[PDB]
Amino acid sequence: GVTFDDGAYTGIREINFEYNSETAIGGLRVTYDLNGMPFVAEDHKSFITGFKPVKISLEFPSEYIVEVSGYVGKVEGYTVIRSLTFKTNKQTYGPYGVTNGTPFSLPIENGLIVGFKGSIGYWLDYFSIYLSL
C-alpha cells in the first residue's frame, strides 16, 4: 500500500477511519492538537470504497487514549489490520471491523499517543504509534 507518516503533535482531538464488517480497516484521517488548536492531518485513503466511516471525537484535554488494540489477519491474501478498538480514560470506542485473527494491544500505563504512521492500500496494512510525555 501507500505509506504515510503524520509525525508528532501535542495530542489527539479526533480520529476518523473506515472499516468493513466483512474485510478490514480502510482509510484513516487524524485531527491532532498542535499547541492548543486543531491540526487536521492528511487523509490517508483506501484504494477502494464501500466502507463504514467512524468519527471518534475526543474531548481533548480531559479525554485521551489509554489503549489501542485490535486484530491482524488476511484479506485476499494480504496481512492487514482487520479490527481496531480505542480505549480512553472516559470510555471505549467499541470494536470496529473483523475481530478475527491475531490480537495485538498497546496498553499505555503512562504517556500519550501523539502521532500515527503506517501504510494503506485496499486496507490498513500496518501502523505505528508515536509516544511522548
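Start at 1 with the first residue shown and count on from there.
> Please compare 14-22 with 121-129 and name the stretch with the higher mean C-alpha B-factor in the deposited structure.
Per the PDB record, 14-22.
> If you average the Cα B factors in the entry, which is higher, 60-68 or 92-100?
If you average the C-alpha B-factors of 92-100 and of 60-68, the larger mean comes out for 92-100.
> Per the entry, which of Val54, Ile108, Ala41, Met37 tops the list for Cα B factor?
Result of the comparison over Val54, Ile108, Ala41, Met37: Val54.
> Relative to the other modelled residues in the chain, which third contains the C-alpha temperature factor of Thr31: lowest, middle or highest?
Bottom third by C-alpha B-factor.
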